[PDB]
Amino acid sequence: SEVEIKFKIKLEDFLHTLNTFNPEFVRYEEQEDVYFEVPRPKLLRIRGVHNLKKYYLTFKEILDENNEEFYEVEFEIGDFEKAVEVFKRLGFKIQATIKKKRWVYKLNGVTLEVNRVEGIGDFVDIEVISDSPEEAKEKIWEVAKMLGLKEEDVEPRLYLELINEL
C-alpha cells in the first residue's frame, strides 16, 4: 500500500531547495526498467540497477485513477537478461524501456525519490507506505508545500504512459 504523488521539477533548483532542509540520503540507483504489456490496472517490470549489480521483478496493481495508490509485490532476481527472456518466451510484449537515475532521501515517515528520467525530465516522487491513503496524502502535501511545490507541478501520468506518449 504505497501512496505517492509525483511532481515535475528542475533538478538543479530543487536540489538547492532540498539541501536547505538537508534530509537524510538513503541511496542512489541507475535504473533500467523494462515494462511488459499487461491489462490495466496491472504493472509488470524487470528493473536492473547497474551501479549496485541488483535486479528486481516488480508487479503492481494501480488502485486509483490518480496513479497515487499502488499495491506492489517485488523481489530480487539474479539475472536481468534471463528474466526478460523468460517473459518474452512466455508471450509478454515489451511495452517500454525506461532509464533513470534516482536519489532516495528520507524524512520522518516520508520518502523523497528524486528522478532524472532519460528523454522525459526530472521529477520528485513523495511517497508514504500507509494503510490509510487520506492521512498519507496529507503528509505528502505538507512536505510538497514545504518544498514550494504546487498542484500545477503534479504529474498524474506514469513514466510508462509518458514514454509511450513521448
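Note that residue numbering follows the sequence shown and begins at 1.
A summary of the deposited B-factors shows that, of 17-25 and 148-156, the stretch with the larger mean C-alpha value is 17-25. Once the C-alpha B-factors are averaged per stretch, 6-14 and 139-147 rank with 6-14 first. Within the group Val38, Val117, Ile126, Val104, the record's highest C-alpha temperature factor is found at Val38. The PDB entry assigns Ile77 a C-alpha temperature factor belonging to the lowest third of its chain's modelled residues.
In the PDB entry, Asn51 places in the middle third of its chain by CA B-factor. When the CA B factors of the chain's modelled residues are split into thirds, the value for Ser132 lands in the highest one.
Sort the chain's modelled residues by C-alpha temperature factor and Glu68 lands in the lowest third, per the entry.
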